[PDB]
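Single-structure report; data block below.
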Amino acid sequence: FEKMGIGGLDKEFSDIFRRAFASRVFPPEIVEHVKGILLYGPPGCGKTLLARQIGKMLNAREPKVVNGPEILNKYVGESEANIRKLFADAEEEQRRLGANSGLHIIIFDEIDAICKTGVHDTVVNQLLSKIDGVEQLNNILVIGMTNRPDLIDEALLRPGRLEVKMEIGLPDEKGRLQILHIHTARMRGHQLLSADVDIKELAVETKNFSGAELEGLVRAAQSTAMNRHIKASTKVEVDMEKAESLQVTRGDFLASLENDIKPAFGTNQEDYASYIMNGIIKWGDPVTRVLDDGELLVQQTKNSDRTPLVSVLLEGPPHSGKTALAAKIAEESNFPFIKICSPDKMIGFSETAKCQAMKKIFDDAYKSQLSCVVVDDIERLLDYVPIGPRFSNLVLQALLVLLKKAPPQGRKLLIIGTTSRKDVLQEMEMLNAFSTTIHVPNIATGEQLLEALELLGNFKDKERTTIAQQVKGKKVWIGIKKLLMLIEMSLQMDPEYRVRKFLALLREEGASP
Amino acid sequence: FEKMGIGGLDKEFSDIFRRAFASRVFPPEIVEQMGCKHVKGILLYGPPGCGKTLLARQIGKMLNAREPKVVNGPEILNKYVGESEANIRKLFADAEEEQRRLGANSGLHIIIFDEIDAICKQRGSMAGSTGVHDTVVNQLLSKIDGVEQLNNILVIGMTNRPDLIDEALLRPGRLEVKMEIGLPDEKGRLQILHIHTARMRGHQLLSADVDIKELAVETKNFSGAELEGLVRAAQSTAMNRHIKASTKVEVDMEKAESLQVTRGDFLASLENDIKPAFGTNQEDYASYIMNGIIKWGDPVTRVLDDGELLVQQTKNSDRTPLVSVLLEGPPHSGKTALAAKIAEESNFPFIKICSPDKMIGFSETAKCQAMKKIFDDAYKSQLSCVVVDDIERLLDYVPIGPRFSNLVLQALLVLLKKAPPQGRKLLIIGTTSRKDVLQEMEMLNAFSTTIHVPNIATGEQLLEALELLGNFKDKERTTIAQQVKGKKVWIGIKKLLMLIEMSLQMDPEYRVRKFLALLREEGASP
Amino acid sequence: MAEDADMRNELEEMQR
Ligand SMILES: Nc1ncnc2c1ncn2[C@@H]1O[C@H](COP(=O)(O)OP(=O)(O)OP(=O)(O)O)[C@@H](O)[C@H]1O
Ligand SMILES: Nc1ncnc2c1ncn2[C@@H]1O[C@H](COP(=O)(O)OP(=O)(O)OP(=O)(O)O)[C@@H](O)[C@H]1O
Ligand SMILES: Nc1ncnc2c1ncn2[C@@H]1O[C@H](COP(=O)(O)OP(=O)(O)OP(=O)(O)O)[C@@H](O)[C@H]1O
Ligand SMILES: Nc1ncnc2c1ncn2[C@@H]1O[C@H](COP(=O)(O)OP(=O)(O)O)[C@@H](O)[C@H]1O
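Written out as structure tokens, the structure reads:
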């Protein structure tokens, strides 16, 4: 079926040959028909080629085609009279040759224009009566094509008038491969195509493309190759000396794919990777303890029969790295469904919008078999201010209710919450809702700080010796995010001033719990 | 009245005929000599699915009227000016034309309004506070009874909320007859079952052991639609068994046809197919009673006995048709499982549960509407039981402030005192965990009694709970018993289950140590 | 709600 030059619609044509012409090819004695077809789909999928090849394959008279709304006329009775001139030969043959009459094919292009007020309704009525009226014909086939199937009159689609309804869709990878083969065979035959080009890579790359777009991409590649032998600025030239030897390289196809043609469909944006930027570096035992606790909780959720729902809360001071570790635990969980709820995606919202978003996320979670959800910055979610104080009660009640609603029978859910203000949550009476808690500490001693700096590798040995002289004999209280900020601030000045500036900043930030 | 396909409402039909249609059949000479006009309309109200449209169509057929005009109220409204009034005004044109042509020798026309209350509501007296659809009400009022008189029309309205309708539409000149279609009793259910089995009985497809009397007994709060669906489901199940038997074996087809008779199909379809809207639901007990009820001590029996006594009181009392009770105790005590158990053991036809899990994101007005709908449904039965769970979560209470919703509080306070219609009985069970707040709100005196749900407070009780659960072995049991024989424990069953589940995740050797550490980390006194 | 306001019209001619 590739001979006709259309790929990706072999199965549709098999259906066509089954449902349309089986009765006409089946022996007449055992028979002792269908007269309507409607093709619809997005533009550029080959409907016109289908109609033309259907007209050509059958041994019958030349098909009659009306190009859009040519029937309409300014005078009275002409629009309807134009329709009756189409069926004159069919009626003559039916009345003269009876059953032994040749097939008649009628093609309607952009049929939505004339089917859908005195002119239009009369035209539709005349067409309906002529196709299926008192006199019944059995040697006529009418084909229509549309891009907007929802604008056609319902009465035209009933059985006996338009029976065979067909949809043309965007071809899959094998259909796209067929189309590329069809459009590149001519180039390959004459050895005008370079040996570096692989059709398979092109087929894999061209996602969401249609046939017309693929042919346009090929044409763009040809134009890119051709312009190499064209001179402009002063006058138009053909070169000829090098134009005679024209090869289409892979770079031409790649460049044509970059700009000339576009898929024309949407794109997806991912944000999860953004929650871990600098990675996790082990500067002490506490990180291992937190990860082990997370693994224990994950396993408990996996292998629990009468505790399908489990909750946890992550505690720590500011700039201590809580969201990163929660994301790491969620990633290591290896669950089919994982999502992150953040206040960054809800700026300027009211209480109702936040509640609806949270409910939508949890509704999506409930559908899977085992799911994991992480909520960070609780105090920002239910916006809280120490003055008054002031907060949103609706979100608090929604969270309280959602924290103890089990999923449907046989399914599992894990919830991980992060915060840096535990006394406030305890006052709100929400700390009881969770099942357990974990604590994320800061860097306490100078040995851990030196290990962290060694892992980061920003300072060399000479400065590390002086730093060890200064810090090793004292306790410290600092986070890691702020540590990186301080390092980057200190690095700005010339190599002479760096150590003194760094230690001055460290002394400024020094404190105790 | 069961010869026309309607069973169970003979009294309503008789009263309607006497009050509305006595002058339509009496000879035309004496009715002219008296000088009396005909009734112009009637109103029918009741729960959905009880046979209002059927009765309207049968009345239309009875008096040799023309084909009725059926209208749906919500679909008349349009967004352009003058377009909803034109829709209303189109319905009287044929009657007007026929009366003008033929005078007093014309036929009868019938108009049927469905969900009439959606387009007729009280007009606003205050200036600037007029309703959205006042013009539609005015048009309908002027069409039903105006300066030019029509004497060849009858209007029938159907609704479920008769208290929202304008009072000018119900005066003795407009729609002056009213009737209620309620749920059928045993006799009506028997009549309906007899009506719907006529074809099967005639065509020789019933069995010899089918007893319509027992099936009438079994269904308790069914409407006619439920019974019709039951019959169809039973016949479908019988066909399925026929297919099974035919496909499995080479049996002679005559035995397969003889198997077409149905006696076990009815019971199978009862359980797994039909879910009444005014009956009890068995899919909720599983959600609320998940791990069963194990007897770890005496207090459980006390709670159950008190619930049984309250049920007996509400069933057999005439001076107190409404009773209430509050279950209160410390957190994780298990108040929602025992209230569900007491409700289940009551064996009332109507049982319903109201929880905040189904009101996430709702505003207070929506919650009020939901509660009111539940209670309105409750009032249609003869014996009802309702459960109001987490009274502190329905009020949106937070200690800071404090803050809460006053509308829901007032709605609850009013609902705790309203009795059902005469002869009907209701029981209410509420569960809380903060009774001091309820005492401060002055809600505790609206209830009739209180029951306390305690915690586990002794070592032997904990050992009995462990034995009933059956998780630890003999040696571990001996270790635990020797270490907690002191009766100074304070724990809840739900938290005990959680602790056991968390403990079991460790390696086999380090399991009792983890359990004891977790237990020690917990509290030990009130 | 407020009932949609009034609107203008366009017209089309026909010969005979
Ligand atoms: N499936 C296909 N296989 C091969 N060529 C295709 C295919 N789809 C489109 N084409 C190319 O597109 C052109 C055919 O477009 P055609 O007129 O058949 O599309 P259509 O669906 O009828 O369009 P429209 O709805 O816009 O009128 C030719 O260049 C043909 O090479
Ligand atoms: N061991 C570690 N643990 C956590 N974060 C680490 C670690 N090592 C490096 N990082 C990096 O440190 C940063 C941690 O910042 P993060 O956003 O997690 O802090 P936070 O405590 O949630 O912040 P805040 O309280 O200011 O909102 C991330 O860039 C993370 O990649
Ligand atoms: N004897 C019992 N009494 C109550 N519940 C029991 C008993 N034995 C087992 N259970 C199970 O214990 C759990 C009781 O939890 P329930 O939801 O009733 O607690 P609650 O006091 O309402 O909790 P909270 O207010 O903290 O959410 C249910 O799984 C119930 O099946
Ligand atoms: N009393 C009854 N007897 C027999 N069938 C009934 C009865 N009430 C309802 N039905 C059945 O229920 C179906 C739909 O009921 P319907 O009259 O539409 O309820 P509603 O009163 O809400 O309009 C009908 O097809 C009818 O056969």
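Chains as they are written, first to last, in the authors' numbering: chain F, 215 to 246, 252 to 335, 344 to 740; chain A, 215 to 740; chain H, 1 to 16. Each residue gets a CB set at the ideal place from its N, CA and C atoms; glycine is no exception.
Say whether chain H places a C-beta atom closer than 8 Å to the C-beta of residue 475 (chain F).
-> no
Residue 621 (chain A) versus residue 530 (chain F): straight-line alpha-carbon distance, rounded | 44 Å
Cα-Cα, which of F:308, F:242 and F:369 is closest to residue 273 (chain F)?
-> F:369
Measure from the C-beta of residue 294 (chain A) to each C-beta in chain H and report whether the shortest distance is under 8 Å.
-> yes
When the Cα of residue 377 (chain F) is compared with those of F:332, F:397 and F:401, which residue comes out closest?
-> F:332
Distance between residue 325 (chain F) and residue 263 (chain F) (C-alpha atoms, nearest Å) | 22 Å
Report yes if the CB atom of residue 615 (chain A) is closer than 8 Å to the CB atom of residue 625 (chain F), and no otherwise.
-> no
Does the Cβ-Cβ distance between residue 223 (chain F) and residue 409 (chain F) come in under 8 Å?
-> no
Of the residues A:716, A:739 and A:740, which one's Cα is nearest the Cα of residue 731 (chain A)?
-> A:716
Taking the C-alpha atoms as reference points, what is the distance between residue 684 (chain A) and residue 646 (chain F)?
-> 38 Å
Amino acids of chain A, ordered along the chain, whose beta-carbon sits closer than 8 Å to that of residue 3 (chain H) = 293, 294 and 295
Return the CA-CA distance between residue 525 (chain A) and residue 654 (chain F), expressed in angstroms with no decimal places.
-> 40 Å
Give a yes or no on contact between the stretch 434-447 of chain A and the stretch 399-409 of chain A, applying the rule of three or more CB pairs nearer than 8 Å.
-> yes
In chain order, what residues of the stretch 343-366 of chain A put their CB closer than 8 Å to some CB of chain H?
-> 346
Using 7 Å as the cut-off, classify the Cβ of residue 262 (chain F) as near or not near the heavy atoms of ligand 1, replying yes or no.
-> yes
Could you round the C-beta distance between residue 302 (chain A) and residue 357 (chain A) to whole angstroms and report it? I think they count as a contact, below 8 Å.
-> 7 Å
Would you kindly report the start and end of the unbroken beta strand (DSSP E) that includes residue 643 (chain A)?
-> 639-646
So is the beta-carbon of residue 266 (chain A) under 7 Å away from any non-hydrogen atom of ligand 4?
-> yes
Contact check, residue 488 (chain F) vs residue 554 (chain F), beta carbons under 8 Å = no
Can you tell which of F:276, F:492, F:508 and F:252 has its C-alpha closest to the C-alpha of residue 227 (chain F)?
-> F:276
From the DSSP output, read off the bridge partner residues of residue 394 (chain F).
-> F:259
Mind reading off the beta-carbon distance from residue 431 (chain F) to residue 452 (chain F)? Whole number of angstroms is fine, and I expect it under 8 Å.
-> Going by Cβ atoms, the distance from residue 431 (chain F) to residue 452 (chain F) rounds to 22 Å, so no, they are not a contact pair.
Unbroken alpha helix (DSSP H) run spanning residue 671 (chain F), endpoints | Counting along the chain, residue 671 (chain F) falls outside any alpha helix (DSSP H), though it belongs to the beta strand (DSSP E) covering 670-672.
Return the chain-ordered ranges of every alpha helix (DSSP H) run that is complete within the stretch 587-621 of chain A and spans a minimum of 4 residues.
-> 605-608
Secondary structure of residue 251 (chain F), DSSP reduced to three states = Missing from the coordinates: residue 251 (chain F), inside the break in chain F from 246 to 252.
Using a cut-off of 9 Å between C-beta atoms, extract the partners of residue 14 (chain H) located in chain F.
-> 293, 294, 295, 345 and 346
Apply the 10 Å Cβ neighbour rule to residue 542 (chain F) and answer buried if 16 or more other Cβ atoms are within range, or exposed otherwise.
-> buried
Among all the DSSP beta bridges, which residues are the ones paired with residue 565 (chain F)?
-> F:599
Under 7 Å from any heavy atom of ligand 1, does the C-beta of residue 219 (chain F) make it?
-> yes
Can you find a C-beta in chain F that's less than 8 Å from the C-beta of residue 719 (chain A)?
-> yes
Ligand 2 site residues, beta-carbon cut 6 Å against heavy atoms = F:503, F:504, F:505, F:506, F:507, F:508, F:514, F:545, F:546, F:547, F:548, F:549, F:550, F:551, F:552, F:647, F:707 and F:708
How long is the line joining the alpha carbons of residue 664 (chain A) and residue 540 (chain A), rounded to whole angstroms?
-> 5 Å
Just curious, the beta strand (DSSP E) that residue 328 (chain F) is in, first and last residue?
-> 323-328
Could you please give me the residues that DSSP links to residue 373 (chain F) through a beta bridge?
-> F:259
Run down chain F in chain order and give the residues with a C-beta less than 7 Å from the C-beta of residue 612 (chain A).
-> 620, 623 and 655
Below 6 Å CB to CB, which residues in the same chain sit around residue 379 (chain A) once its five sequence neighbours on both sides are set aside?
-> 331 and 334
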